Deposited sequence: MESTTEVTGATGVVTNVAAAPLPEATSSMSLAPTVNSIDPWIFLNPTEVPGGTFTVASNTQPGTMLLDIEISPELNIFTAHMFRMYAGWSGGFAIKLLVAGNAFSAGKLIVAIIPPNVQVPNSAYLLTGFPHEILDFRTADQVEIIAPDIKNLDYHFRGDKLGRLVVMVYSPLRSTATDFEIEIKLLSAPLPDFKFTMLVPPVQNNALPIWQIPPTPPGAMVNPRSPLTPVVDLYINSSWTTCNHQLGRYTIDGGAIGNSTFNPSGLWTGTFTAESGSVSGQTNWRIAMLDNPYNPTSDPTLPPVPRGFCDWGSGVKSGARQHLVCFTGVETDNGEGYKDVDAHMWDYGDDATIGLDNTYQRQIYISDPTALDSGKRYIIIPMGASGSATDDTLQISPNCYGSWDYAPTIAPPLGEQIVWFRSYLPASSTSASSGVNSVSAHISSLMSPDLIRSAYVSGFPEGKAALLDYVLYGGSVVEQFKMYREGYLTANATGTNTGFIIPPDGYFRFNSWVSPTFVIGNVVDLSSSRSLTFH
């Protein structure tokens, strides 16, 4: 059977790995030959694999709990634990972090490049909301041990001149990166170890590259206290859920990829993409591609 794709431009699609920032370009990079991401992972048969969702914006904000302490050496990095409502009992067969939570990489061992939970605040002590939400720096684990630097687990630290209220719950809305955060450091994601069924690290077919649905992330700095040196960057994804939603009506034939026509202006320039059942859409043999264009189905091809 044939596949019908609605003519929705990528500019009208959600960036699953970074909501609140629309898709600006389709990005091709020759130095990116893998994808160890946990957000934006979709499959034809398995649905939303890994830790992704079909509602990226809804599952974007999290909560954590203070741990009444600080990391060894650095007094400002108060330790804290991510709260998981989806996995209340700590089952080793289920993901530790809440579904849809951010997975931007920060580096192996770098006390110069920290993330930015642009909005973190304590509860109101009344159960109605939160209070004094402002920009703060965060990262996964403690940046000391091998198993807690890139671990994508529930332990984090928050940079704050004062001390967090012990045992009190806080909100988390990850928006921004600070320090020496380049685009390549955000493209990598923290390693996940354990038993739970996480998404594998995919690689493109031999000789082909990947379209990334890039977006521009602005800065959110502070001009007081110790200060926040946030920087502007870019974020990439595997594919938006909007494109792959249509494919579930008639799944791909057994061991068959699809040929997609990306048409920009009338019939002047029409690029060819090859979409696989594992989630990624490959091109061939990079440069940015405008988002004002629609995807059209050509035929079914063999890998």
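Visitor: So, counting the deposited sequence from position 1, which segments are absent from the coordinates?
Guide: According to the deposited record, C-alpha coordinates are absent for 1-208, 494-498, 517-535, which together make up the missing parts.
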